[PDB]
Structure formats: structure tokens, C-alpha cells
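Read the single chain below, which is given as C-alpha cells and is the form deposited in one PDB entry.
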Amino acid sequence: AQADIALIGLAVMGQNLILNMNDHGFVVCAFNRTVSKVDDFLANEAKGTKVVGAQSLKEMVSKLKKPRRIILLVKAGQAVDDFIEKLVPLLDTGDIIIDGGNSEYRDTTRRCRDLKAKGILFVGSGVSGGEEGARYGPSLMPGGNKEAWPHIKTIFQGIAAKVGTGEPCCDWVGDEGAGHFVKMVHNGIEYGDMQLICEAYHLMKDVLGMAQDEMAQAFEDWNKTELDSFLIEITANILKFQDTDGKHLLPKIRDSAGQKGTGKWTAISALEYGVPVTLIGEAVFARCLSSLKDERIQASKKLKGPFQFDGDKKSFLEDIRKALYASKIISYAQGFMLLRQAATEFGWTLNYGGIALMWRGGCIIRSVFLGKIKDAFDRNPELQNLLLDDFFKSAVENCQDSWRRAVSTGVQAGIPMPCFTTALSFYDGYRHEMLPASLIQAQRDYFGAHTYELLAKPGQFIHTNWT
């Protein structure tokens, strides 16, 4: 037994993770169901390294130091269960299987429980960063059976992306499917951040009449303060990019972002668990709307909008920045509410601060803002809503006049802002002690005798004879 860890699945992600582990001084045993791929890898991408191969699962297992650690990086679904089924008879009590694929969190929960009962420790880990990230520094989001954590922490944190202060973008997320649940929410959050940037762009372009390079410079400027983030960095770069003919490329690109994307699962989860994750929902629906390109061409010939901007451009541009920032705060508050609800549903203990850190590093959504979320949970690990943290409370308070102006102006101009508006609507709802939902309760009691509760006596159900 000379190998520190094994990885099954030699597509590019797996190869790159193996090479990353190798760089960090670990001896990795590579395996693939089509075994010829092992030799190919050893002869090529892994030539000259400490990587060793195996020609069967039994051989692979035999090469591993106990407790044995085996990473699965294969196609999500049946391929994962099939490898688990083949591995179990070969392993000893206390050995560890880590699924790093894009698996559905309920499958991860099932596997964790079933393997625990058989004496096998199971980890389901989110992996973010794509192929480059895998190779040099992914974000890793491990959850499952925490008995495994002390045995995988050194390798996982070693290979993970680090932030500038040195902390690894990898820590124990929580129980069972929590790691994969967190990856799912991350995917939805990404949709939100992208849509928010798009709305800011649309306001710059169509309310302020800004030039492409001017908008690039605005995003570059924005990237120097609170909004500092990878998505804003690349947006600036995209905006100034010129095609071979000297014309800007972005205006030539088809505005259809797809109807079937994975972000939908975050919004579906929110609806399943009854959490008001409104911004990610609008971001998903905005991609769907964009996909109706021919329908929008037709509608644009038949349906009319309202306007001419008269004001200080620099000021309104700043209003857009602050609207974006406040809306982003609401989106993440909502995402963390969903995490909190899953914790409640399944009895999971979630590393909220660590999750914020894990979403930096290799993740597309990486930002300084995420460090502020970590700070909030470090200040109060019992924090119940991001909006209650003094930093975020202050930020929203300082942004809200600008936010309202940006939204009011966009509305008068006919610019669609499904995410800015849902975020503001949510903020205004969340902060109200009294909402008109009592009218819904009265309506249902009126038409169906479904009963309502009095404010003074919650939990007691009353029917009134309204007629």
C-alpha cells in the first residue's frame, strides 16, 4: 500500500484533479472503467509524475493506504451507484468513498446513510472551477459522513484554491447531501449575479445612452470598490472587446440564454421547501424569456413601451451601482435562507461561514463580498438572516434611496429589471411587520371556510360567517 488516494474517472476533470494532488506531493492511483485510458494517461498527461495505475478495482483497492480513500469522478447517476456497489465488497470498515461529481443531493443523502450502515464513510463533494480550477485550485464543498473529514482534510484543503490571506476554499460543509446541496444553490446564485449585471448594463446603455467602452470603464471602476468580483471583471473585458472588423463583438451576439439550464433546480428547491428565493427565480425565468427570441421579435412589432433621461449622469450611474449592490445582498440573503431551511428539514448542521469562503476561490461567483458574508457568520455564527448583520444592514440602508431611484427610473424608461425589482419588493416585504396576506386568509375563509388566525391568538383556527 503506497498510494495515498485513488481517483476513478479519467475524463479531463479527473485527470486534472489527479495532477493537482500529484503536484501537492500525494501518490495517486488512477483508474477508469475502460482501463486502456489508465495507460494513456500515464504515458501522456501524467508522464513523469508519481501517479500509479491500476488495471482492476481490486488492484486499485490493494494499493491504497488505510483508511482507503477513493474519489469518484464519473457521470452522475447510475454510474456512481454502480461503482459504489462494486467497491463495497472490496473495502474494509472505515474506508472512504468521495463522490466529486455533479450528483443530486438526495442521492448523496441516500448513499451516505446506506454506506454508513455498512461501515463505509461517504463524502459527496461539490467541485467548482472547471478544468483549469481542477488542475490548480478548485473550490471544494465536501459534506456527508463527518467521520471521513479528518482523513481527507489534508489532501482536500491542500489542493483547494486559497484566498489571498491563505485560507483554503474547502471546509466541511455539513451532513449527508449538504455539500451537493450547497453546490446546487451556488449554481442558482450564479444565475442571479449574471442577471443583475445584465440589468445594470441595460440601464447604462438604454437610460444613460453610454458607449460600449464607457460601460466597460464603469464596470472596471465598480470593480475597485464593494462590488469587486470576477463576473464584473470579465464583463468589463467583454464590453471593450472588438471584433476583427474593429466593431464591438457583444452587440453582434444572439440574446438567447436558454430554457433548460441547471439554475432552475435552485428555484424549484425554494418552491419545494417554501423559501422566498425570489431573485434566483426571476434570473432563471429571465433566461427562459430571452430564449423566446422569435416571439420577442414579433412582439416588438406589436407591443409598445412608454421617456427621456434628464439628470446628472454620474449620479444616476452611481445609483445603478448601489441598486446592483443592494440587490445582490438580497439575493445572497435569500440563498442563505434556503440553506437554513434545508438544515431544518434534514437536521443538518451547516458551516455557513465556510460555505461563503468555499464560494470564492475557483467559483465563477468569487468576490470580496463573499468574504463579508464569511465575516458576518464569524461575528455571529448563529446569524439567522444576512440582512440582520450590521454590515449588510448598513449597506442596504446606505443604498436604498439610490436603489429606489434606479428602479423608478428604469420603470419609467421601460427597461426590464426583473431581478432589481424582485429584490426591492422582497426587502420591502421582509421588513414589514404587517403584510396584506391577512386578506388571503380572509378570502379563503370566506369562500371555503378554510379558517384564519387572529393576531392575538396564533395557532387557533377560526371560521367567520362572512355572509
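The numbering used is simple: start at 1 and walk along the sequence shown. Superpose the two forms; the largest set of C-alphas matching within 1.5 Å is the rigid core.
In the deposited sequence, the stretch from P306 to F307 hides 1 to 3 residues that have no coordinates.
When 456 to 464 is weighed against 4 to 12, 456 to 464 comes out higher, by mean CA B-factor as recorded in the entry. Comparing 58 to 66 with 402 to 410, the stretch with the higher mean C-alpha B-factor in the PDB entry is 58 to 66. Of all the options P276, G263, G124, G246, the entry's greatest CA B-factor is assigned to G246. The entry assigns its greatest Cα B factor, within the set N351, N187, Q217, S290, to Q217.
Sorting the modelled residues of the chain by their CA temperature factor places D39 in the highest third.
Among the modelled residues of the chain, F392 sits in the middle third by CA temperature factor in this PDB entry.
Annotation for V27: CA B-factor lies in the highest third of the chain's modelled residues. When the CA B factors of the chain's modelled residues are split into thirds, the value for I440 lands in the middle one.
Per the PDB record, residue ranking by Cα B-factor puts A134 in the highest third of the chain.
Another form exists, deposited in another entry; not displayed. Remarks below refer to it.
Looking at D228, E214, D114, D255 after a core superposition between this form and the one not shown, you find that only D114 has a C-alpha shift of 2 Å or more.
Once the rigid core is used as the reference frame, the Cα position of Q157 differs between this form and the one not shown by 2 Å or more. The Cα position of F26 differs by 2 Å or more between this form and the one not shown after fitting on the rigid core.
Relative to the superposed rigid core, the position of the CA of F83 differs between this form and the one not shown by 2 Å or more.
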